[PDB]
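Here's a solo chain for you in structure tokens, the form deposited in one PDB entry.
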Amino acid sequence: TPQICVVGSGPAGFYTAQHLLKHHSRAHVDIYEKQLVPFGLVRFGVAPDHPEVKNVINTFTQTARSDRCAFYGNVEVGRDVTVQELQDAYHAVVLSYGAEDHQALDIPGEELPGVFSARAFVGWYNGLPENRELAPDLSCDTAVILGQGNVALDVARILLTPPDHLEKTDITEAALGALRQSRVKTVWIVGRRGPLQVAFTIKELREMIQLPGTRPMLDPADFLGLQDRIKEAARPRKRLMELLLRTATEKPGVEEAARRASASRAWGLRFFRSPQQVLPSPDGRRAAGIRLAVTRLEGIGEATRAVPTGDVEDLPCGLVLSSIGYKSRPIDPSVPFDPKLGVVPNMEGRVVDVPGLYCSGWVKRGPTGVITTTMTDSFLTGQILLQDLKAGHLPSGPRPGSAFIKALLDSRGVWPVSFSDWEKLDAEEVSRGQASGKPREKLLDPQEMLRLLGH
């Protein structure tokens, strides 16, 4: 009986466990997670107004209910148990811990109150325990978001959606409250390159264009030479550039021009600007604006880069959301790590120079890609592992698995959360939502969570 374990319970951990159980009839798989509950970014990242994306949880639940799979919540690898200890107890270990940081802006004024990263803002409305006291100040009337990817569109969208539409979703009661009292009425999404280089996709661009109660603000002159610099383009991108182009140079209708007429809120895209400094309010207590540098594009195809002209533009606002990407961090200094790419160095999932040690997901390929991309790349890691198994390259001797790790957890006084234990937490979340008609009301205090379980 082979013993294997995974580090992290988001999509890379679970899709890696499903492949192993299906193609090896006796292997046992244990999954370790630092949060008390499973699923990663499917629960704490995907927006609450996107319930259909979260349906992969059903396939995860089936994997976890199998008799050769076990879950161990509330365990922080590299702190409560080290990577070397798991390497000694199992025949193989799979690092799937994602990317827990945000890329920093690194400019004068970033520390001023009213400045936040998108990732801290998303964790706030999604119920991630460490951000439950974020208390963003929504009493200003303008918000500026830096960077143009799908993450930037999701915070602009929760900021501008009429609060009643968010009513029946799983958003936090506390975040819902605060959005009801917000004065934010204008949102700007600022990029350093031009339209041709945006990072978001079409389903997401189109929901923004149609968001009830709002209107779009695109400038006609940023869009010159578009419809020509896109002759040779492939279906995907060209379609996207024509939705942006339509929306920015074509006359609405009698109805659509009137929807735009009575809308209390507005959102716009800005091009050729780069974050230079956050401006302080007269007495310094908060943020009052952002000073952007003017830029010009030099280079060809993908590979184009933005260069500065020497000019500047000051933009007033009371809320700055930094959305220029996430980033992985080293977990345990015994583990290799490349600080330039933000990944664990590897060759098709094999950690460089570390027999028995593998990787899956964002920590294996970088912090980009959707759930389906994470899924199939995880299937690849699992194939390489099972072939290394069958050919005899893993420890050819009996290994204890959880019998040994559980003895250490006990001694250090760490209480692991099992899947049946999650089934209970899950049920309490469901009944707590029953009165307000939400699918659930998320539990946010770890201490209370442990209490509801009997400790």
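So that the term is clear: the rigid core is the largest set of C-alpha atoms that superpose within 1.5 Å between two forms. We number the residues from 1 along the sequence you see.
There is another form of this protein, the form deposited in another entry, and it is not shown here; the text below is about that form.
- For the listed set 329, 305, 183, 260, the sole C-alpha moving 2 Å or more between this form and the one not shown on a rigid core superposition is that of 305.
- After superposing the rigid core, the Cα of residue 230 is displaced by 2 Å or more between this form and the one not shown.
- Once both forms are overlaid on the rigid core, the distance between the two CA positions of residue 296 between this form and the one not shown is 2 angstroms or more.
- If you compare C-alpha positions, residue 303 and residue 343 are 3 angstroms or more closer together in the other form than in the form on display.
- Relative to the shown form, the CA atoms of residue 301 and residue 338 are brought 3 Å or more closer together in the other form.
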